[PDB]
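Take a look at the structure set out below.
For neighbour counting, all protein chains shown are included, and Cβ atoms are generated from backbone atoms with ideal geometry for every residue, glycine included. Just so you know, all these numbers are worked out from the coordinates, no wet-lab data involved.
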Amino acid sequence: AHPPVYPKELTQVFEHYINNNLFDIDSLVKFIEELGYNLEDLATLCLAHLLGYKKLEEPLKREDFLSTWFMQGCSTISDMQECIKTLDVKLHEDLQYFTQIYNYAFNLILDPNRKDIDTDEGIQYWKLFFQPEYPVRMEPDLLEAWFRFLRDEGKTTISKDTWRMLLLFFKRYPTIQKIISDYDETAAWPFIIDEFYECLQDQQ
Ligand SMILES: [Cl-]
Ligand SMILES: [Cl-]
Ligand SMILES: [Cl-]
Ligand SMILES: [Cl-]
Ligand SMILES: [Pt+2]
């Protein structure tokens, strides 16, 4: 009798969280909580990315759960906890990884049958991503003005273009004054960012 491909300990974790025939969203939520996290955490994005999720609420195939953890040398909950802790450090320190996870976040949380995410959910993640502990340095007043602009101008969904480009925009112009002084409306930035620029101009 040949030994199993995957350690007994590892298949035991999968079997613990599976709901009937699927490792579904409820499985993921309970698993994340046992790892020490909440669904909304940026660390959860790192976990989902590691496991190869395309959509947050899509079931995770047994083989994908096992092969992923096996390749990372993890068989137990404690091993998996150490892995995510390592990814979380990388999210804080590694600009390439940070940019990758920032971009990944949009498609992961996107509907089934939508092109855009809700503004509420965008702001929820933006408030996490643009904290000082992460690689992109910017003034809090600017981030706040962005949220206020979206609310005030009735911007209720956010597109992939707005999402991806905002990261570049805040990196390039990390302060309201720098946007005021230096932004060029002819430079082919998203229209929504042109609108934000004009909003900032009007508040001066
Ligand atoms: Cl884009
Ligand atoms: Cl572009
Ligand atoms: Cl680009
Ligand atoms: Cl970019
Ligand atoms: Pt871009």
task = Would you mind listing how long region 114-204 runs along its three principal axes, going by Cα atoms, in whole Å with the largest first?
result = 35, 29, 22
query = What residues qualify as long-range amide H neighbours of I117, i.e. H under 5 Å apart, gap of 5 or more or another chain, H built at 1.01 Å from N?
reply = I158
remark   = In degrees rounded to 10, the 0-90 angle between helix 191-202 Cα long axis and the longest Cα principal axis of the chain is 50
query = How large is the charge dipole for region 1-113, taken about the Cα centre, if only the Cβ atoms of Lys, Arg (+1) and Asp, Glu (-1) carry charge, to the nearest 20 debye?
reply = 280
message = With +1 on the Cβ of every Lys and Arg and -1 on the Cβ of every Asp and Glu, and nothing else charged, how large is the dipole of region 114-204 about its Cα centre, in debye rounded to the nearest 20?
response = 420
query = Using Cα pairs under 8 angstrom and six or more residues apart, how large is the relative contact order of the chain, in percent?
reply = 16
key: Prolate/oblate/rounded call for the chain, Cα gyration tensor, a/c under 1.5 rounded   = prolate
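At a 10 Å Cβ-Cβ cut-off, how would you order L60, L95, fewest neighbours first?
Values: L60 22, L95 11.
Result, fewest neighbours first: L95, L60.
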query = Residue farthest toward the positive end of the dipole of region 1-113, with Cβ of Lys/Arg at +1 and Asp/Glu at -1: which of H2, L95, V29?
reply = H2
key: Unsatisfied cross-links (Cα-Cα over 24 Å) in the set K61/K160; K127/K171; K8/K90; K55/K160; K54/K155; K54/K171   = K61/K160; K8/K90; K54/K155; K54/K171
request  = Work out the charge dipole of region 114-204 with +1 on the Cβ of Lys and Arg and -1 on the Cβ of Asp and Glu about the Cα centre, then indicate which of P135, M165, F147 is farthest towards its positive end.
outcome  = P135
note = The exposure ranking of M165, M71, fewest beta-carbon neighbours within 10 Å first, is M71, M165
key: Calculated from backbone phi, Karplus (6.51, -1.76, 1.60) coupling profile of region 166-173 in Hz, x at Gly/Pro   = 4, 4, 5, 4, 5, 4, 5, 10
inquiry  = Which GluC sites (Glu not before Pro) in region 92-176 sit in a loop by DSSP (not H, G, I, E or B) and have at most 15 other Cβ atoms within 10 Å of their own Cβ?
reply    = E133, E153
query = Going by how many other Cβ atoms sit within 10 Å of their own, how do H49, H92 line up, fewest first?
reply = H92, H49
key: Whole-Hz couplings from phi, Karplus 6.51/-1.76/1.60, listed for region 12-21; x for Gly and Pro   = 4, 4, 4, 5, 5, 9, 3, 10, 6, 10
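As a test of the formula, what do you get for the chain when each DSSP H run with n ≥ 4 contributes -39,500 (n - 2.57) and the sum is divided by the residue count, at 222 nm and rounded to the nearest 500 deg cm²/dmol?
Roughly -19500 deg cm²/dmol at 222 nm, from the helical runs in the chain.
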